[PDB]
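Peer 1: Right, I'll just put the structure down here and ask away after.
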Amino acid sequence: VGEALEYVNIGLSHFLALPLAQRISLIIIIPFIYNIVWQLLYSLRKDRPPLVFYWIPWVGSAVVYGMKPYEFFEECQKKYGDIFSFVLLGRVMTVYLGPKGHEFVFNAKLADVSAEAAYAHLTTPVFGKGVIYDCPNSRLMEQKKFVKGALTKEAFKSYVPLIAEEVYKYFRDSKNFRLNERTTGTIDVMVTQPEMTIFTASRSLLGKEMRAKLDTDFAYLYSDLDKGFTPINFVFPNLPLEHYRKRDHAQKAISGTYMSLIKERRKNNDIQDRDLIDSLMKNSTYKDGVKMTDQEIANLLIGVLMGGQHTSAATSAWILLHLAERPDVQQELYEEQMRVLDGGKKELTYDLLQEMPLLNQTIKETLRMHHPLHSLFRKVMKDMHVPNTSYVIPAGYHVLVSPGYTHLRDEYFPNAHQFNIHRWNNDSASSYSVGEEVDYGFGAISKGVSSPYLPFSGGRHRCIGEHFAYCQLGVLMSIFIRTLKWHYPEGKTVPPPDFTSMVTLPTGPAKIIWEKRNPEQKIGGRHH
Ligand code: HEM
Ligand SMILES: OC(Cn1cncn1)(Cn1cncn1)c1ccc(F)cc1F
């Protein structure tokens, strides 16, 4: 009776007096035991998707998910089906695989899920305050509208010869090529492509001043800011270490440079239609009348250039890598170049790029097999009912959607693990809406988000850099094809993806051997 409760207190007393050898042992085994008991109890709930069993509390399935996410998804899909949850470094992730998952997450109501609540911890320290995910959604919608204003057909027409010039400059001057001095050589594509991507993106979107600054020690700052863009920042966004200080310094230094150019252009009234800087200076006033600050404009520049940097560089690296073991595809692409550009006598233009279906299909196919973002997250803000199930996703959970996984399923893409650009025959468009449209604030886009092919997502958070990426990748690959042949070192093949980084770039070093199609061909212009 009450004598029982006396022994409760006595037991508590004897608990606190255990040797700290047993106490430490107990504060390990008790959370461990409770974790297992909780999961087994959790599995009784029929309004919750199945939860992947895990031994270590808090950690969850982080190790297997972090290293081989698609293999994790497939095993989980076999056991539980398309909807299942797993614990990830303190968080509960609810995965919804397949097209229905795309609809459930990408077309979720604004009040139901939050992208910025999921990503702000990562991106804000890198890009700066006030923009992208450090603001309400309505602000992001208009920022996208602003950026999209410099991403027009007319802009792409002017970008193409600029991007082309940068590619030829890189072939001429970079130590990785030097085509005027060498006719063959070995490159690491994870060295060349990030460089070619930043040179071409900077020249076209930022302008000649900012491009020129990449020829200096300023370039190291981009590398510093680069290191801040890492999954580690999802768990440890701010540790007092040098990595984080160089990042924060780089952000200030780079945004300061952008603001300097911005204020100079405005003081000289030198505001044209050259680049994204000009565009944002003329067009960055929200609908409620508030103007973006020069800091916010610079930070938006950083975010847009940085994101486009990683997605595009990774993509062109995969293209080169897949093509390295496919001389048949290089050959077919080369013939297309000769036919469309009249044996090379025509100058490449944006309009001529659109008449290169096989080149564009090659980009399209590479993006199928190598979605640079294997997982997209939203934080659940309100309890969500999953249609045609009894499942309820409580607020505090995160939903995870993965079109890249569906890209690699035989059911939706026959022989999915085979690189075949001809699966897109007479369907070379980067993507398109097969029906009704909707405008979230940055232009009419597809209402339905059910396509098995969805490398640019859909819904309010859909990519707006798709046409720029195709323009950039197109020009670049057009010139690679016309200038070089390339192949693997003996016994080398397409490397496995590095799923552990921010984008799922190839595992390096990923080397290819190039050779000039025309050994005698010289690239003009001056250099020291
Ligand atoms: C192959 C190239 C690219 C791919 C595959 C890609 C993919 C994506 C995806 C999947 C999203 C949606 C993320 C989500 O749903 O959470 C997205 C959003 C976005 N991307 Fe891209 N991207 C690429 C290139 C670019 C480029 C070149 C730019 C800029 C020039 C850019 C700027 C943006 C912006 C501003 C968003 C909006 C983010 C949001 O609304 O939350 N992307 N991209
Ligand atoms: O969506 C990203 C952020 N992200 C999400 N998972 C991993 N990285 C990447 N990205 C997508 N297209 C281009 N970059 C992004 C979105 C917008 C942006 F401005 C920067 C940025 F990193």
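By order of appearance in the structure tokens: chains A, B, ..., then residues from 1 within every chain, and ligands from 1 in the order shown.
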Give me, as a list in words, the residues of segment 94-123 of chain A that a backbone DSSP run labels helix (DSSP H, G or I).
Peer 2: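 Taking segment 94-123 of chain A and keeping helix (DSSP H, G or I) gives residues 99, 100, 101, 102, 103, 104, 105, 106, 116, 117, 118, 119, 120, 121, 122 and 123 of chain A.
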Peer 1: Which residues form the shell of 9 Å around ligand 2 when you count only C-alpha atoms and all ligand atoms, given as a PyMOL selection string?
Peer 2: chain A and resi 119+122-123+127+131-133+144+229-231+300-312+372-377+456+461-466+502-503
Peer 1: Which one of A:361, A:204, A:184, A:138 sits closest to residue 287 of chain A if you count only C-alpha atoms?
Peer 2: A:138
Peer 1: Tell me, as a ChimeraX atom specification, which residues lie within 12 Å of residue 136 of chain A, counting only C-alpha atoms; anything in the same chain fewer than 4 positions away does not count.
Peer 2: /A:110-111,114-117,120,130-132,140-143
Peer 1: Env of residue 207 of chain A: 12 Å cut, atoms = only C-alpha atoms, seq-sep filter 2 positions within chain, self excluded. Answer as an NGL selection string.
Peer 2: :A and (158-159 or 162-163 or 166 or 198-205 or 209-214 or 258 or 261-262 or 272-279 or 301)
Peer 1: Would you output that residue set with C-alpha atoms, as a JSON list (two decimals), in the first residue's frame?
Peer 2:
[["chain", "number", "residue", "atom", "x", "y", "z"],
["A", 158, "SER", "CA", 22.77, 37.73, -75.84],
["A", 159, "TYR", "CA", 24.10, 35.20, -73.31],
["A", 162, "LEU", "CA", 29.14, 35.42, -74.16],
["A", 163, "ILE", "CA", 29.04, 31.87, -72.79],
["A", 166, "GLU", "CA", 34.07, 31.98, -72.06],
["A", 198, "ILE", "CA", 31.37, 29.78, -62.73],
["A", 199, "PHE", "CA", 33.16, 31.56, -65.61],
["A", 200, "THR", "CA", 30.17, 31.20, -67.97],
["A", 201, "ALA", "CA", 27.49, 31.92, -65.35],
["A", 202, "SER", "CA", 29.38, 34.95, -63.98],
["A", 203, "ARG", "CA", 30.03, 36.50, -67.38],
["A", 204, "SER", "CA", 26.40, 36.17, -68.49],
["A", 205, "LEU", "CA", 24.36, 36.74, -65.31],
["A", 209, "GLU", "CA", 33.25, 43.26, -64.01],
["A", 210, "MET", "CA", 32.35, 40.30, -61.80],
["A", 211, "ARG", "CA", 33.76, 37.86, -64.35],
["A", 212, "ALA", "CA", 36.99, 39.85, -64.45],
["A", 213, "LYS", "CA", 37.26, 39.55, -60.66],
["A", 214, "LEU", "CA", 37.36, 35.75, -60.96],
["A", 258, "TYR", "CA", 28.13, 43.21, -55.63],
["A", 261, "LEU", "CA", 29.06, 47.55, -58.43],
["A", 262, "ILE", "CA", 25.37, 48.24, -57.81],
["A", 272, "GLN", "CA", 21.30, 49.02, -68.88],
["A", 273, "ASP", "CA", 19.93, 45.59, -69.82],
["A", 274, "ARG", "CA", 23.23, 43.70, -69.75],
["A", 275, "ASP", "CA", 22.86, 41.26, -66.87],
["A", 276, "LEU", "CA", 20.95, 40.11, -63.79],
["A", 277, "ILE", "CA", 22.40, 43.03, -61.81],
["A", 278, "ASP", "CA", 20.94, 45.61, -64.22],
["A", 279, "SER", "CA", 17.63, 43.74, -64.14],
["A", 301, "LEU", "CA", 22.58, 37.20, -56.58]]
Peer 1: DSSP on the backbone: what in segment 149-204 of chain A comes out strand (DSSP E), as a PyMOL selection string?
Peer 2: chain A and resi 184-188
Peer 1: I'd like the neighbourhood of residue 85 of chain A as a VMD selection string, where a residue qualifies if any of its atoms comes within 6 Å (using only C-alpha atoms), though same-chain residues fewer than 4 positions away should be ignored.
Peer 2: chain A and resid 51 93 to 95
Peer 1: Using N, CA, C and O atoms, can you export the residues from the last selection as a CSV table (one decimal), in the first residue's frame?
Peer 2:
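Okay, out39.csv is ready:
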chain,number,residue,atom,x,y,z
A,51,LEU,N,7.1,3.2,-39.7
A,51,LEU,CA,8.4,3.8,-39.3
A,51,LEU,C,9.5,2.9,-39.4
A,51,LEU,O,9.5,1.8,-38.7
A,93,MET,N,11.3,12.1,-40.9
A,93,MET,CA,11.1,12.3,-42.3
A,93,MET,C,10.0,11.4,-42.8
A,93,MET,O,10.2,10.2,-42.8
A,94,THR,N,8.9,11.9,-43.4
A,94,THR,CA,7.9,11.1,-44.0
A,94,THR,C,8.1,11.1,-45.5
A,94,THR,O,7.9,12.1,-46.2
A,95,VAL,N,8.5,10.0,-46.1
A,95,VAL,CA,8.8,9.9,-47.5
A,95,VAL,C,7.5,9.4,-48.3
A,95,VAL,O,6.8,8.5,-47.8
Peer 1: Can you work out which one of A:69, A:185, A:474, A:128 has the shortest atom-to-atom distance to residue 160 of chain A, counting only C-alpha atoms?
Peer 2: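 Among A:69, A:185, A:474, A:128, it is A:474 that comes nearest to residue 160 of chain A.
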Peer 1: Smallest atom-to-atom distance to residue 157 of chain A: which of A:349, A:43, A:9, A:22, using only C-alpha atoms?
Peer 2: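 Nearest to residue 157 of chain A: A:349.
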Peer 1: From the set A:442, A:58, A:419, A:470, which residue has the shortest atom-to-atom contact distance to residue 363 of chain A, counting only C-alpha atoms?
Peer 2: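 Looking at the shortest contact to residue 363 of chain A, the residue is A:470.
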Peer 1: Nearest residue to ligand 1 out of A:368, A:345, A:249, A:326, using only C-alpha atoms and all ligand atoms?
Peer 2: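 Among the listed residues, A:368 lies closest to ligand 1.
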Peer 1: Tell me which of A:403, A:357, A:524, A:343 sits closest to ligand 1, counting only C-alpha atoms and all ligand atoms.
Peer 2: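 Of A:403, A:357, A:524, A:343, the one nearest ligand 1, counting only C-alpha atoms and all ligand atoms, is A:403.
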Peer 1: Find the residues around residue 434 of chain A up to 9 Å (only C-alpha atoms counted), leave out those fewer than 4 positions away in its own chain, and share them as JSON, numbers by chain.
Peer 2: {"A": [446, 448, 451]}
Peer 1: Give me the residues near segment 506-513 of chain A as a ChimeraX atom specification, where near means some atom within 6 Å (using only C-alpha atoms) and where sequence neighbours in that chain fewer than 4 positions away do not count.
Peer 2: /A:185-189,486-488,495-498
Peer 1: Can you write out the residues you just picked, keeping N, CA, C and O atoms, as a short mmCIF file (atom, residue, chain, number, x, y, z; two decimals), in the first residue's frame?
Peer 2:
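File produced: again23.cif:
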data_model
loop_
_atom_site.label_atom_id
_atom_site.label_comp_id
_atom_site.auth_asym_id
_atom_site.auth_seq_id
_atom_site.Cartn_x
_atom_site.Cartn_y
_atom_site.Cartn_z
N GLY A 185 45.07 15.38 -73.64
CA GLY A 185 45.35 15.55 -72.23
C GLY A 185 44.33 14.88 -71.33
O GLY A 185 43.28 14.43 -71.79
N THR A 186 44.64 14.82 -70.04
CA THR A 186 43.75 14.21 -69.06
C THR A 186 43.19 15.28 -68.13
O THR A 186 43.94 16.10 -67.60
N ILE A 187 41.88 15.29 -67.94
CA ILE A 187 41.28 16.23 -67.00
C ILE A 187 40.41 15.51 -65.97
O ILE A 187 39.90 14.43 -66.22
N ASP A 188 40.29 16.14 -64.81
CA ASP A 188 39.30 15.75 -63.81
C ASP A 188 38.07 16.61 -64.06
O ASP A 188 38.14 17.83 -63.95
N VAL A 189 36.95 15.98 -64.40
CA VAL A 189 35.76 16.76 -64.76
C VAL A 189 35.21 17.52 -63.55
O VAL A 189 34.53 18.53 -63.70
N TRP A 486 36.49 12.52 -76.54
CA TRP A 486 37.04 12.11 -75.25
C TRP A 486 36.63 10.70 -74.86
O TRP A 486 35.63 10.17 -75.35
N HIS A 487 37.40 10.10 -73.96
CA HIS A 487 37.17 8.73 -73.52
C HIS A 487 37.75 8.50 -72.13
O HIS A 487 38.39 9.39 -71.58
N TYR A 488 37.53 7.31 -71.58
CA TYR A 488 38.04 6.97 -70.26
C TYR A 488 39.46 6.40 -70.31
O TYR A 488 39.85 5.79 -71.30
N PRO A 495 31.57 6.87 -62.72
CA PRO A 495 31.68 6.74 -61.27
C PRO A 495 30.31 6.75 -60.59
O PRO A 495 29.35 7.27 -61.16
N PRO A 496 30.21 6.17 -59.39
CA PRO A 496 28.97 6.23 -58.62
C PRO A 496 28.75 7.63 -58.06
O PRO A 496 29.72 8.37 -57.89
N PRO A 497 27.50 8.00 -57.79
CA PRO A 497 27.24 9.35 -57.29
C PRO A 497 27.76 9.55 -55.87
O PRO A 497 27.77 8.61 -55.08
N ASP A 498 28.21 10.76 -55.57
CA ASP A 498 28.50 11.14 -54.20
C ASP A 498 27.24 11.74 -53.59
O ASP A 498 27.03 12.96 -53.64
#
